[PDB]
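work-v5.pdb (PDB, N, CA and C atoms and all ligand atoms)
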```pdb
MODEL        1
ATOM      1  N   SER A 109      19.840 -14.096 -14.072  1.00  0.00           N
ATOM      2  CA  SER A 109      21.201 -14.639 -13.888  1.00  0.00           C
ATOM      3  C   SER A 109      21.714 -14.317 -12.475  1.00  0.00           C
ATOM      4  N   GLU A 110      22.612 -15.172 -11.947  1.00  0.00           N
ATOM      5  CA  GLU A 110      23.207 -14.990 -10.611  1.00  0.00           C
ATOM      6  C   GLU A 110      24.290 -13.888 -10.653  1.00  0.00           C
ATOM      7  N   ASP A 111      23.816 -12.645 -10.488  1.00  0.00           N
ATOM      8  CA  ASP A 111      24.638 -11.425 -10.473  1.00  0.00           C
ATOM      9  C   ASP A 111      23.900 -10.360  -9.650  1.00  0.00           C
ATOM     10  N   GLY A 112      22.608 -10.175  -9.985  1.00  0.00           N
ATOM     11  CA  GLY A 112      21.742  -9.231  -9.293  1.00  0.00           C
ATOM     12  C   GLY A 112      20.343  -9.192  -9.886  1.00  0.00           C
ATOM     13  N   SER A 113      19.620  -8.105  -9.587  1.00  0.00           N
ATOM     14  CA  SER A 113      18.286  -7.841 -10.123  1.00  0.00           C
ATOM     15  C   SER A 113      18.034  -6.326 -10.094  1.00  0.00           C
ATOM     16  N   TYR A 114      17.710  -5.754 -11.260  1.00  0.00           N
ATOM     17  CA  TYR A 114      17.410  -4.320 -11.406  1.00  0.00           C
ATOM     18  C   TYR A 114      15.886  -4.127 -11.396  1.00  0.00           C
ATOM     19  N   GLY A 115      15.395  -3.384 -10.393  1.00  0.00           N
ATOM     20  CA  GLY A 115      13.974  -3.132 -10.221  1.00  0.00           C
ATOM     21  C   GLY A 115      13.711  -2.464  -8.887  1.00  0.00           C
ATOM     22  N   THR A 116      13.999  -1.147  -8.828  1.00  0.00           N
ATOM     23  CA  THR A 116      13.892  -0.342  -7.603  1.00  0.00           C
ATOM     24  C   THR A 116      12.423  -0.255  -7.126  1.00  0.00           C
ATOM     25  N   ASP A 117      11.559   0.277  -8.002  1.00  0.00           N
ATOM     26  CA  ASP A 117      10.138   0.519  -7.704  1.00  0.00           C
ATOM     27  C   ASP A 117       9.358  -0.795  -7.761  1.00  0.00           C
ATOM     28  N   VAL A 118       9.037  -1.331  -6.581  1.00  0.00           N
ATOM     29  CA  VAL A 118       8.340  -2.622  -6.424  1.00  0.00           C
ATOM     30  C   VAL A 118       7.089  -2.419  -5.557  1.00  0.00           C
ATOM     31  N   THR A 119       5.914  -2.838  -6.051  1.00  0.00           N
ATOM     32  CA  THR A 119       4.659  -2.703  -5.299  1.00  0.00           C
ATOM     33  C   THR A 119       4.505  -3.862  -4.294  1.00  0.00           C
ATOM     34  N   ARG A 120       5.004  -3.632  -3.071  1.00  0.00           N
ATOM     35  CA  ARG A 120       4.802  -4.535  -1.929  1.00  0.00           C
ATOM     36  C   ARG A 120       3.944  -3.802  -0.896  1.00  0.00           C
ATOM     37  N   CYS A 121       2.630  -3.790  -1.160  1.00  0.00           N
ATOM     38  CA  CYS A 121       1.651  -3.223  -0.229  1.00  0.00           C
ATOM     39  C   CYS A 121       1.257  -4.278   0.817  1.00  0.00           C
ATOM     40  N   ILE A 122       1.137  -3.848   2.091  1.00  0.00           N
ATOM     41  CA  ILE A 122       0.870  -4.747   3.251  1.00  0.00           C
ATOM     42  C   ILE A 122      -0.486  -5.489   3.161  1.00  0.00           C
ATOM     43  N   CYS A 123      -1.393  -5.007   2.280  1.00  0.00           N
ATOM     44  CA  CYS A 123      -2.728  -5.622   2.092  1.00  0.00           C
ATOM     45  C   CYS A 123      -2.666  -6.872   1.191  1.00  0.00           C
ATOM     46  N   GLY A 124      -1.510  -7.081   0.525  1.00  0.00           N
ATOM     47  CA  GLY A 124      -1.321  -8.220  -0.389  1.00  0.00           C
ATOM     48  C   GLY A 124      -2.129  -8.080  -1.682  1.00  0.00           C
ATOM     49  N   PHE A 125      -2.486  -6.826  -2.001  1.00  0.00           N
ATOM     50  CA  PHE A 125      -3.277  -6.461  -3.188  1.00  0.00           C
ATOM     51  C   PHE A 125      -2.535  -5.333  -3.922  1.00  0.00           C
ATOM     52  N   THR A 126      -2.529  -5.406  -5.263  1.00  0.00           N
ATOM     53  CA  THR A 126      -1.763  -4.492  -6.133  1.00  0.00           C
ATOM     54  C   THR A 126      -2.580  -3.239  -6.518  1.00  0.00           C
ATOM     55  N   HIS A 127      -1.960  -2.365  -7.335  1.00  0.00           N
ATOM     56  CA  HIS A 127      -2.554  -1.091  -7.785  1.00  0.00           C
ATOM     57  C   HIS A 127      -3.858  -1.302  -8.586  1.00  0.00           C
ATOM     58  N   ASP A 128      -4.978  -0.886  -7.988  1.00  0.00           N
ATOM     59  CA  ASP A 128      -6.295  -0.812  -8.662  1.00  0.00           C
ATOM     60  C   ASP A 128      -6.897   0.589  -8.457  1.00  0.00           C
ATOM     61  N   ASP A 129      -6.633   1.169  -7.267  1.00  0.00           N
ATOM     62  CA  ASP A 129      -7.198   2.462  -6.840  1.00  0.00           C
ATOM     63  C   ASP A 129      -6.801   3.599  -7.798  1.00  0.00           C
ATOM     64  N   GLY A 130      -5.493   3.884  -7.835  1.00  0.00           N
ATOM     65  CA  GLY A 130      -4.955   5.075  -8.505  1.00  0.00           C
ATOM     66  C   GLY A 130      -4.275   5.985  -7.506  1.00  0.00           C
ATOM     67  N   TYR A 131      -4.684   5.841  -6.232  1.00  0.00           N
ATOM     68  CA  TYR A 131      -4.188   6.643  -5.112  1.00  0.00           C
ATOM     69  C   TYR A 131      -3.117   5.849  -4.376  1.00  0.00           C
ATOM     70  N   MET A 132      -1.877   6.008  -4.841  1.00  0.00           N
ATOM     71  CA  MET A 132      -0.715   5.316  -4.277  1.00  0.00           C
ATOM     72  C   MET A 132       0.412   6.309  -4.013  1.00  0.00           C
ATOM     73  N   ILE A 133       1.433   5.819  -3.307  1.00  0.00           N
ATOM     74  CA  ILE A 133       2.649   6.565  -2.974  1.00  0.00           C
ATOM     75  C   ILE A 133       3.834   5.578  -2.941  1.00  0.00           C
ATOM     76  N   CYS A 134       5.015   6.076  -3.313  1.00  0.00           N
ATOM     77  CA  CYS A 134       6.272   5.322  -3.249  1.00  0.00           C
ATOM     78  C   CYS A 134       6.908   5.544  -1.869  1.00  0.00           C
ATOM     79  N   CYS A 135       7.458   4.477  -1.265  1.00  0.00           N
ATOM     80  CA  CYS A 135       8.178   4.574   0.015  1.00  0.00           C
ATOM     81  C   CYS A 135       9.609   5.007  -0.256  1.00  0.00           C
ATOM     82  N   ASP A 136       9.944   6.255   0.109  1.00  0.00           N
ATOM     83  CA  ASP A 136      11.234   6.886  -0.233  1.00  0.00           C
ATOM     84  C   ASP A 136      12.447   6.031   0.218  1.00  0.00           C
ATOM     85  N   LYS A 137      12.313   5.356   1.372  1.00  0.00           N
ATOM     86  CA  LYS A 137      13.402   4.541   1.937  1.00  0.00           C
ATOM     87  C   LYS A 137      13.582   3.212   1.159  1.00  0.00           C
ATOM     88  N   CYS A 138      12.618   2.277   1.303  1.00  0.00           N
ATOM     89  CA  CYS A 138      12.755   0.884   0.773  1.00  0.00           C
ATOM     90  C   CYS A 138      12.119   0.722  -0.628  1.00  0.00           C
ATOM     91  N   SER A 139      11.718   1.856  -1.235  1.00  0.00           N
ATOM     92  CA  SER A 139      11.231   1.953  -2.632  1.00  0.00           C
ATOM     93  C   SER A 139       9.973   1.074  -2.933  1.00  0.00           C
ATOM     94  N   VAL A 140       9.183   0.713  -1.882  1.00  0.00           N
ATOM     95  CA  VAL A 140       7.942  -0.086  -2.059  1.00  0.00           C
ATOM     96  C   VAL A 140       6.701   0.826  -2.214  1.00  0.00           C
ATOM     97  N   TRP A 141       5.869   0.527  -3.221  1.00  0.00           N
ATOM     98  CA  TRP A 141       4.610   1.254  -3.493  1.00  0.00           C
ATOM     99  C   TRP A 141       3.459   0.655  -2.681  1.00  0.00           C
ATOM    100  N   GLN A 142       2.714   1.537  -1.983  1.00  0.00           N
ATOM    101  CA  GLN A 142       1.559   1.165  -1.156  1.00  0.00           C
ATOM    102  C   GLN A 142       0.395   2.142  -1.386  1.00  0.00           C
ATOM    103  N   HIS A 143      -0.827   1.702  -1.021  1.00  0.00           N
ATOM    104  CA  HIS A 143      -2.055   2.516  -1.152  1.00  0.00           C
ATOM    105  C   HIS A 143      -2.153   3.497   0.044  1.00  0.00           C
ATOM    106  N   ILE A 144      -2.598   4.738  -0.239  1.00  0.00           N
ATOM    107  CA  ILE A 144      -2.677   5.837   0.764  1.00  0.00           C
ATOM    108  C   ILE A 144      -3.557   5.440   1.966  1.00  0.00           C
ATOM    109  N   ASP A 145      -4.756   4.938   1.635  1.00  0.00           N
ATOM    110  CA  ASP A 145      -5.783   4.536   2.615  1.00  0.00           C
ATOM    111  C   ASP A 145      -5.293   3.357   3.485  1.00  0.00           C
ATOM    112  N   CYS A 146      -4.418   2.506   2.895  1.00  0.00           N
ATOM    113  CA  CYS A 146      -3.843   1.322   3.579  1.00  0.00           C
ATOM    114  C   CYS A 146      -2.964   1.727   4.768  1.00  0.00           C
ATOM    115  N   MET A 147      -2.085   2.728   4.564  1.00  0.00           N
ATOM    116  CA  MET A 147      -1.147   3.157   5.634  1.00  0.00           C
ATOM    117  C   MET A 147      -1.822   4.137   6.627  1.00  0.00           C
ATOM    118  N   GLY A 148      -3.137   4.379   6.436  1.00  0.00           N
ATOM    119  CA  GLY A 148      -3.920   5.226   7.340  1.00  0.00           C
ATOM    120  C   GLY A 148      -3.698   6.713   7.076  1.00  0.00           C
ATOM    121  N   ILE A 149      -3.103   7.029   5.910  1.00  0.00           N
ATOM    122  CA  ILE A 149      -2.859   8.409   5.480  1.00  0.00           C
ATOM    123  C   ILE A 149      -4.121   8.944   4.793  1.00  0.00           C
ATOM    124  N   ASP A 150      -4.417  10.227   5.020  1.00  0.00           N
ATOM    125  CA  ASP A 150      -5.530  10.918   4.364  1.00  0.00           C
ATOM    126  C   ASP A 150      -5.123  11.333   2.948  1.00  0.00           C
ATOM    127  N   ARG A 151      -6.005  11.077   1.969  1.00  0.00           N
ATOM    128  CA  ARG A 151      -5.764  11.458   0.565  1.00  0.00           C
ATOM    129  C   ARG A 151      -5.903  12.980   0.377  1.00  0.00           C
ATOM    130  N   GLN A 152      -6.439  13.655   1.407  1.00  0.00           N
ATOM    131  CA  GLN A 152      -6.503  15.121   1.481  1.00  0.00           C
ATOM    132  C   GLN A 152      -5.116  15.718   1.803  1.00  0.00           C
ATOM    133  N   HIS A 153      -4.322  14.985   2.608  1.00  0.00           N
ATOM    134  CA  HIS A 153      -2.986  15.426   3.065  1.00  0.00           C
ATOM    135  C   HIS A 153      -1.949  14.336   2.736  1.00  0.00           C
ATOM    136  N   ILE A 154      -1.335  14.427   1.549  1.00  0.00           N
ATOM    137  CA  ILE A 154      -0.388  13.407   1.057  1.00  0.00           C
ATOM    138  C   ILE A 154       1.067  13.889   1.286  1.00  0.00           C
ATOM    139  N   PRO A 155       1.895  13.146   2.099  1.00  0.00           N
ATOM    140  CA  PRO A 155       3.294  13.533   2.377  1.00  0.00           C
ATOM    141  C   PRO A 155       4.231  13.240   1.186  1.00  0.00           C
ATOM    142  N   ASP A 156       5.310  14.029   1.095  1.00  0.00           N
ATOM    143  CA  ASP A 156       6.344  13.888   0.051  1.00  0.00           C
ATOM    144  C   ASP A 156       7.144  12.587   0.265  1.00  0.00           C
ATOM    145  N   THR A 157       7.812  12.508   1.427  1.00  0.00           N
ATOM    146  CA  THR A 157       8.677  11.397   1.811  1.00  0.00           C
ATOM    147  C   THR A 157       7.857  10.346   2.588  1.00  0.00           C
ATOM    148  N   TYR A 158       7.138   9.495   1.841  1.00  0.00           N
ATOM    149  CA  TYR A 158       6.347   8.398   2.424  1.00  0.00           C
ATOM    150  C   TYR A 158       7.258   7.303   3.019  1.00  0.00           C
ATOM    151  N   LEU A 159       6.886   6.845   4.219  1.00  0.00           N
ATOM    152  CA  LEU A 159       7.443   5.644   4.848  1.00  0.00           C
ATOM    153  C   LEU A 159       6.309   4.653   5.092  1.00  0.00           C
ATOM    154  N   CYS A 160       6.593   3.367   4.906  1.00  0.00           N
ATOM    155  CA  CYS A 160       5.629   2.293   5.195  1.00  0.00           C
ATOM    156  C   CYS A 160       5.802   1.821   6.652  1.00  0.00           C
ATOM    157  N   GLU A 161       4.876   0.966   7.124  1.00  0.00           N
ATOM    158  CA  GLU A 161       4.824   0.462   8.531  1.00  0.00           C
ATOM    159  C   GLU A 161       6.179  -0.098   9.033  1.00  0.00           C
ATOM    160  N   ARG A 162       6.926  -0.760   8.134  1.00  0.00           N
ATOM    161  CA  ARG A 162       8.208  -1.416   8.472  1.00  0.00           C
ATOM    162  C   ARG A 162       9.355  -0.389   8.563  1.00  0.00           C
ATOM    163  N   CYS A 163       9.190   0.765   7.889  1.00  0.00           N
ATOM    164  CA  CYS A 163      10.159   1.884   7.963  1.00  0.00           C
ATOM    165  C   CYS A 163       9.829   2.846   9.123  1.00  0.00           C
ATOM    166  N   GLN A 164       8.567   2.833   9.577  1.00  0.00           N
ATOM    167  CA  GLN A 164       8.074   3.712  10.649  1.00  0.00           C
ATOM    168  C   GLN A 164       8.183   3.016  12.023  1.00  0.00           C
ATOM    169  N   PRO A 165       8.717   3.720  13.082  1.00  0.00           N
ATOM    170  CA  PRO A 165       8.750   3.190  14.473  1.00  0.00           C
ATOM    171  C   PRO A 165       7.329   2.904  15.015  1.00  0.00           C
ATOM    172  N   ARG A 166       6.347   3.659  14.484  1.00  0.00           N
ATOM    173  CA  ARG A 166       4.919   3.445  14.767  1.00  0.00           C
ATOM    174  C   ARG A 166       4.392   2.226  13.979  1.00  0.00           C
ATOM    175  N   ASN A 167       3.606   1.389  14.665  1.00  0.00           N
ATOM    176  CA  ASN A 167       2.922   0.238  14.067  1.00  0.00           C
ATOM    177  C   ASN A 167       1.568   0.715  13.517  1.00  0.00           C
ATOM    178  N   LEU A 168       1.442   0.743  12.185  1.00  0.00           N
ATOM    179  CA  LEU A 168       0.175   1.060  11.496  1.00  0.00           C
ATOM    180  C   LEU A 168      -0.710  -0.195  11.447  1.00  0.00           C
ATOM    181  N   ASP A 169      -2.041   0.013  11.403  1.00  0.00           N
ATOM    182  CA  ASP A 169      -3.030  -1.078  11.323  1.00  0.00           C
ATOM    183  C   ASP A 169      -2.913  -1.796   9.962  1.00  0.00           C
ATOM    184  N   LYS A 170      -1.969  -2.749   9.906  1.00  0.00           N
ATOM    185  CA  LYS A 170      -1.671  -3.548   8.707  1.00  0.00           C
ATOM    186  C   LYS A 170      -2.816  -4.522   8.404  1.00  0.00           C
ATOM    187  N   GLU A 171      -3.370  -5.130   9.468  1.00  0.00           N
ATOM    188  CA  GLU A 171      -4.532  -6.031   9.372  1.00  0.00           C
ATOM    189  C   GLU A 171      -5.749  -5.290   8.796  1.00  0.00           C
ATOM    190  N   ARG A 172      -5.986  -4.072   9.314  1.00  0.00           N
ATOM    191  CA  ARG A 172      -7.106  -3.199   8.888  1.00  0.00           C
ATOM    192  C   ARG A 172      -6.943  -2.778   7.411  1.00  0.00           C
ATOM    193  N   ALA A 173      -5.679  -2.577   7.015  1.00  0.00           N
ATOM    194  CA  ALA A 173      -5.297  -2.274   5.622  1.00  0.00           C
ATOM    195  C   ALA A 173      -5.622  -3.457   4.688  1.00  0.00           C
ATOM    196  N   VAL A 174      -5.394  -4.687   5.204  1.00  0.00           N
ATOM    197  CA  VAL A 174      -5.761  -5.936   4.510  1.00  0.00           C
ATOM    198  C   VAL A 174      -7.285  -5.998   4.350  1.00  0.00           C
ATOM    199  N   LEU A 175      -8.019  -5.721   5.453  1.00  0.00           N
ATOM    200  CA  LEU A 175      -9.503  -5.771   5.498  1.00  0.00           C
ATOM    201  C   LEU A 175     -10.126  -4.866   4.422  1.00  0.00           C
ATOM    202  N   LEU A 176      -9.583  -3.643   4.302  1.00  0.00           N
ATOM    203  CA  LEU A 176     -10.066  -2.616   3.360  1.00  0.00           C
ATOM    204  C   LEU A 176      -9.914  -3.067   1.887  1.00  0.00           C
ATOM    205  N   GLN A 177      -8.692  -3.460   1.518  1.00  0.00           N
ATOM    206  CA  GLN A 177      -8.335  -3.815   0.124  1.00  0.00           C
ATOM    207  C   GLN A 177      -8.841  -5.216  -0.262  1.00  0.00           C
ATOM    208  N   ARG A 178      -9.047  -6.071   0.748  1.00  0.00           N
ATOM    209  CA  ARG A 178      -9.604  -7.417   0.551  1.00  0.00           C
ATOM    210  C   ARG A 178     -11.093  -7.280   0.237  1.00  0.00           C
ATOM    211  N   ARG A 179     -11.864  -6.636   1.149  1.00  0.00           N
ATOM    212  CA  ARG A 179     -13.320  -6.399   0.948  1.00  0.00           C
ATOM    213  C   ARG A 179     -13.586  -5.584  -0.337  1.00  0.00           C
ATOM    214  N   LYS A 180     -12.598  -4.765  -0.725  1.00  0.00           N
ATOM    215  CA  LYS A 180     -12.589  -4.022  -1.999  1.00  0.00           C
ATOM    216  C   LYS A 180     -12.682  -4.990  -3.202  1.00  0.00           C
ATOM    217  N   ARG A 181     -11.770  -5.994  -3.256  1.00  0.00           N
ATOM    218  CA  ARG A 181     -11.743  -6.982  -4.365  1.00  0.00           C
ATOM    219  C   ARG A 181     -12.930  -7.977  -4.277  1.00  0.00           C
ATOM    220  N   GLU A 182     -13.419  -8.249  -3.040  1.00  0.00           N
ATOM    221  CA  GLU A 182     -14.610  -9.112  -2.811  1.00  0.00           C
ATOM    222  C   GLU A 182     -15.868  -8.408  -3.355  1.00  0.00           C
ATOM    223  N   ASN A 183     -15.899  -7.076  -3.160  1.00  0.00           N
ATOM    224  CA  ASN A 183     -16.998  -6.202  -3.609  1.00  0.00           C
ATOM    225  C   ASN A 183     -16.987  -6.058  -5.137  1.00  0.00           C
ATOM    226  N   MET A 184     -15.796  -6.203  -5.751  1.00  0.00           N
ATOM    227  CA  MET A 184     -15.633  -6.173  -7.220  1.00  0.00           C
ATOM    228  C   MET A 184     -15.993  -7.546  -7.832  1.00  0.00           C
ATOM    229  N   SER A 185     -17.281  -7.903  -7.687  1.00  0.00           N
ATOM    230  CA  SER A 185     -17.875  -9.152  -8.194  1.00  0.00           C
ATOM    231  C   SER A 185     -19.362  -8.878  -8.529  1.00  0.00           C
ATOM    232  N   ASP A 186     -19.601  -8.169  -9.648  1.00  0.00           N
ATOM    233  CA  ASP A 186     -20.959  -7.753 -10.078  1.00  0.00           C
ATOM    234  C   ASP A 186     -21.797  -8.961 -10.534  1.00  0.00           C
ATOM    235  N   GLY A 187     -23.122  -8.835 -10.393  1.00  0.00           N
ATOM    236  CA  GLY A 187     -24.082  -9.890 -10.745  1.00  0.00           C
ATOM    237  C   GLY A 187     -25.122 -10.085  -9.656  1.00  0.00           C
ATOM    238  N   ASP A 188     -25.939 -11.142  -9.786  1.00  0.00           N
ATOM    239  CA  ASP A 188     -26.925 -11.539  -8.764  1.00  0.00           C
ATOM    240  C   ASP A 188     -26.498 -12.891  -8.150  1.00  0.00           C
TER     241      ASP A 188
HETATM  242 ZN    ZN B   1      -2.838  -1.673  -0.221  1.00  0.00          ZN
HETATM  243 ZN    ZN B   2       9.350   1.297   3.482  1.00  0.00          ZN
ENDMDL
END
```

Kindly transcribe the structure held in the file into structure tokens.
Ligand SMILES: [Zn+2]
Ligand SMILES: [Zn+2]
Amino acid sequence: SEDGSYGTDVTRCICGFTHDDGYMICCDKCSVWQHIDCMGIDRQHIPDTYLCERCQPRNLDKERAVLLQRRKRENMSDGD
């Protein structure tokens, strides 16, 4: 209805691919869920207050993040 929309936690990862890994983080500012490996963060060192590329003054390799999660789903095609 034309009033609003309730749904804070929204998975808008820059790779255009949703939760399959298990290794994700919520963006404290704009409330968007992204994959750790996508934002170039180490899964060994996970920050509390995550920011995504659009919240960070630094430009993260968004294209490279697409390449990783894309080739991931391309690789998920078993058979001969
Ligand atoms: Zn991703
Ligand atoms: Zn953000």

Select the residues contacting ligand ZN 2 (chain B) at a distance of at most 7 Å, based on only N, CA and C atoms and all ligand atoms, then format the selection as a PDB file with N, CA and C atoms, in the frame of the given file.
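Saved the output as selection_23.pdb:
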```pdb
ATOM      1  N   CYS A 135       7.458   4.477  -1.265  1.00  0.00           N
ATOM      2  CA  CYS A 135       8.178   4.574   0.015  1.00  0.00           C
ATOM      3  C   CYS A 135       9.609   5.007  -0.256  1.00  0.00           C
ATOM      4  N   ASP A 136       9.944   6.255   0.109  1.00  0.00           N
ATOM      5  CA  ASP A 136      11.234   6.886  -0.233  1.00  0.00           C
ATOM      6  C   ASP A 136      12.447   6.031   0.218  1.00  0.00           C
ATOM      7  N   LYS A 137      12.313   5.356   1.372  1.00  0.00           N
ATOM      8  CA  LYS A 137      13.402   4.541   1.937  1.00  0.00           C
ATOM      9  C   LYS A 137      13.582   3.212   1.159  1.00  0.00           C
ATOM     10  N   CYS A 138      12.618   2.277   1.303  1.00  0.00           N
ATOM     11  CA  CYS A 138      12.755   0.884   0.773  1.00  0.00           C
ATOM     12  C   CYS A 138      12.119   0.722  -0.628  1.00  0.00           C
ATOM     13  N   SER A 139      11.718   1.856  -1.235  1.00  0.00           N
ATOM     14  CA  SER A 139      11.231   1.953  -2.632  1.00  0.00           C
ATOM     15  C   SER A 139       9.973   1.074  -2.933  1.00  0.00           C
ATOM     16  N   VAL A 140       9.183   0.713  -1.882  1.00  0.00           N
ATOM     17  CA  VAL A 140       7.942  -0.086  -2.059  1.00  0.00           C
ATOM     18  C   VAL A 140       6.701   0.826  -2.214  1.00  0.00           C
ATOM     19  N   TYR A 158       7.138   9.495   1.841  1.00  0.00           N
ATOM     20  CA  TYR A 158       6.347   8.398   2.424  1.00  0.00           C
ATOM     21  C   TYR A 158       7.258   7.303   3.019  1.00  0.00           C
ATOM     22  N   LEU A 159       6.886   6.845   4.219  1.00  0.00           N
ATOM     23  CA  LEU A 159       7.443   5.644   4.848  1.00  0.00           C
ATOM     24  C   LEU A 159       6.309   4.653   5.092  1.00  0.00           C
ATOM     25  N   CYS A 160       6.593   3.367   4.906  1.00  0.00           N
ATOM     26  CA  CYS A 160       5.629   2.293   5.195  1.00  0.00           C
ATOM     27  C   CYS A 160       5.802   1.821   6.652  1.00  0.00           C
ATOM     28  N   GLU A 161       4.876   0.966   7.124  1.00  0.00           N
ATOM     29  CA  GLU A 161       4.824   0.462   8.531  1.00  0.00           C
ATOM     30  C   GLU A 161       6.179  -0.098   9.033  1.00  0.00           C
ATOM     31  N   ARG A 162       6.926  -0.760   8.134  1.00  0.00           N
ATOM     32  CA  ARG A 162       8.208  -1.416   8.472  1.00  0.00           C
ATOM     33  C   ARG A 162       9.355  -0.389   8.563  1.00  0.00           C
ATOM     34  N   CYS A 163       9.190   0.765   7.889  1.00  0.00           N
ATOM     35  CA  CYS A 163      10.159   1.884   7.963  1.00  0.00           C
ATOM     36  C   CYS A 163       9.829   2.846   9.123  1.00  0.00           C
ATOM     37  N   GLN A 164       8.567   2.833   9.577  1.00  0.00           N
ATOM     38  CA  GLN A 164       8.074   3.712  10.649  1.00  0.00           C
ATOM     39  C   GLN A 164       8.183   3.016  12.023  1.00  0.00           C
TER      40      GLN A 164
END
```

If you count only N, CA and C atoms and all ligand atoms, which residues end up within 6 Å of ligand ZN 1 (chain B), as a short mmCIF file (atom, residue, chain, number, x, y, z; two decimals) with N, CA and C atoms, in the coordinates of the input?
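As written to disk, out14.cif reads:
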```cif
data_model
loop_
_atom_site.label_atom_id
_atom_site.label_comp_id
_atom_site.auth_asym_id
_atom_site.auth_seq_id
_atom_site.Cartn_x
_atom_site.Cartn_y
_atom_site.Cartn_z
N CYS A 121 2.63 -3.79 -1.16
CA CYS A 121 1.65 -3.22 -0.23
C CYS A 121 1.26 -4.28 0.82
N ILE A 122 1.14 -3.85 2.09
CA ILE A 122 0.87 -4.75 3.25
C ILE A 122 -0.49 -5.49 3.16
N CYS A 123 -1.39 -5.01 2.28
CA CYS A 123 -2.73 -5.62 2.09
C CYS A 123 -2.67 -6.87 1.19
N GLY A 124 -1.51 -7.08 0.52
CA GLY A 124 -1.32 -8.22 -0.39
C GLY A 124 -2.13 -8.08 -1.68
N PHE A 125 -2.49 -6.83 -2.00
CA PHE A 125 -3.28 -6.46 -3.19
C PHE A 125 -2.54 -5.33 -3.92
N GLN A 142 2.71 1.54 -1.98
CA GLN A 142 1.56 1.16 -1.16
C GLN A 142 0.40 2.14 -1.39
N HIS A 143 -0.83 1.70 -1.02
CA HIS A 143 -2.06 2.52 -1.15
C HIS A 143 -2.15 3.50 0.04
N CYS A 146 -4.42 2.51 2.90
CA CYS A 146 -3.84 1.32 3.58
C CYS A 146 -2.96 1.73 4.77
N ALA A 173 -5.68 -2.58 7.02
CA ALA A 173 -5.30 -2.27 5.62
C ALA A 173 -5.62 -3.46 4.69
N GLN A 177 -8.69 -3.46 1.52
CA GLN A 177 -8.34 -3.82 0.12
C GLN A 177 -8.84 -5.22 -0.26
#
```

Selection: 8 Å around residue 131 of chain A, all atoms listed in the file, excl. self and same-chain fewer than 3 positions, as a ChimeraX atom specification: /A:127-128,142-145,151

Record the distance separating atom N of residue 187 of chain A and atom CA of residue 174 of chain A, expressed in Å with one decimal.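 The value is 23.1 Å.
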
Padding 3 Å on every side, please: axis-aligned box over the listed atoms of segment 109-123 of chain A, centre and edge lengths to one decimal in Å, as JSON.
```
{"center_x": 11.0, "center_y": -7.3, "center_z": -5.4, "size_x": 33.4, "size_y": 21.7, "size_z": 23.3}
```

Atomic distance atom CA of residue 165 of chain A - atom N of residue 180 of chain A, expressed in Å with one decimal: 27.4 Å

Would you please extract all strand (DSSP E or B) residues from chain A, as assigned by DSSP on the backbone, and give them as an NGL selection string? :A and (118 or 132-135 or 140-143 or 158)

Interatomic distance, atom C of residue 182 of chain A to atom CA of residue 126 of chain A (Å, one decimal):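 According to the coordinates, atom C of residue 182 of chain A and atom CA of residue 126 of chain A are separated by 14.9 Å.
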
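In terms of minimum interatomic distance to residue 168 of chain A, A:147 ranks closest within A:183, A:147, A:154, A:188, counting only N, CA and C atoms.
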
Min atom-atom distance to residue 134 of chain A from the set A:156, A:148, A:179, A:114, counting only C-alpha atoms, belongs to A:156

Which of chain A counts as alpha helix (DSSP H) under DSSP, as an mmCIF file with N, CA and C atoms, keeping the file's coordinate frame please?
```
data_model
loop_
_atom_site.group_PDB
_atom_site.id
_atom_site.type_symbol
_atom_site.label_atom_id
_atom_site.label_comp_id
_atom_site.auth_asym_id
_atom_site.auth_seq_id
_atom_site.Cartn_x
_atom_site.Cartn_y
_atom_site.Cartn_z
ATOM 1 N N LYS A 170 -1.969 -2.749 9.906
ATOM 2 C CA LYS A 170 -1.671 -3.548 8.707
ATOM 3 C C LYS A 170 -2.816 -4.522 8.404
ATOM 4 N N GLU A 171 -3.370 -5.130 9.468
ATOM 5 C CA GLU A 171 -4.532 -6.031 9.372
ATOM 6 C C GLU A 171 -5.749 -5.290 8.796
ATOM 7 N N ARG A 172 -5.986 -4.072 9.314
ATOM 8 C CA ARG A 172 -7.106 -3.199 8.888
ATOM 9 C C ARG A 172 -6.943 -2.778 7.411
ATOM 10 N N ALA A 173 -5.679 -2.577 7.015
ATOM 11 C CA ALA A 173 -5.297 -2.274 5.622
ATOM 12 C C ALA A 173 -5.622 -3.457 4.688
ATOM 13 N N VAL A 174 -5.394 -4.687 5.204
ATOM 14 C CA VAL A 174 -5.761 -5.936 4.510
ATOM 15 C C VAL A 174 -7.285 -5.998 4.350
ATOM 16 N N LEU A 175 -8.019 -5.721 5.453
ATOM 17 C CA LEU A 175 -9.503 -5.771 5.498
ATOM 18 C C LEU A 175 -10.126 -4.866 4.422
ATOM 19 N N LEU A 176 -9.583 -3.643 4.302
ATOM 20 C CA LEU A 176 -10.066 -2.616 3.360
ATOM 21 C C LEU A 176 -9.914 -3.067 1.887
ATOM 22 N N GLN A 177 -8.692 -3.460 1.518
ATOM 23 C CA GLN A 177 -8.335 -3.815 0.124
ATOM 24 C C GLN A 177 -8.841 -5.216 -0.262
ATOM 25 N N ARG A 178 -9.047 -6.071 0.748
ATOM 26 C CA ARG A 178 -9.604 -7.417 0.551
ATOM 27 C C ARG A 178 -11.093 -7.280 0.237
ATOM 28 N N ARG A 179 -11.864 -6.636 1.149
ATOM 29 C CA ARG A 179 -13.320 -6.399 0.948
ATOM 30 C C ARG A 179 -13.586 -5.584 -0.337
ATOM 31 N N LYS A 180 -12.598 -4.765 -0.725
ATOM 32 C CA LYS A 180 -12.589 -4.022 -1.999
ATOM 33 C C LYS A 180 -12.682 -4.990 -3.202
ATOM 34 N N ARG A 181 -11.770 -5.994 -3.256
ATOM 35 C CA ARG A 181 -11.743 -6.982 -4.365
ATOM 36 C C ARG A 181 -12.930 -7.977 -4.277
ATOM 37 N N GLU A 182 -13.419 -8.249 -3.040
ATOM 38 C CA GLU A 182 -14.610 -9.112 -2.811
ATOM 39 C C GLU A 182 -15.868 -8.408 -3.355
ATOM 40 N N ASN A 183 -15.899 -7.076 -3.160
ATOM 41 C CA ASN A 183 -16.998 -6.202 -3.609
ATOM 42 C C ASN A 183 -16.987 -6.058 -5.137
#
```
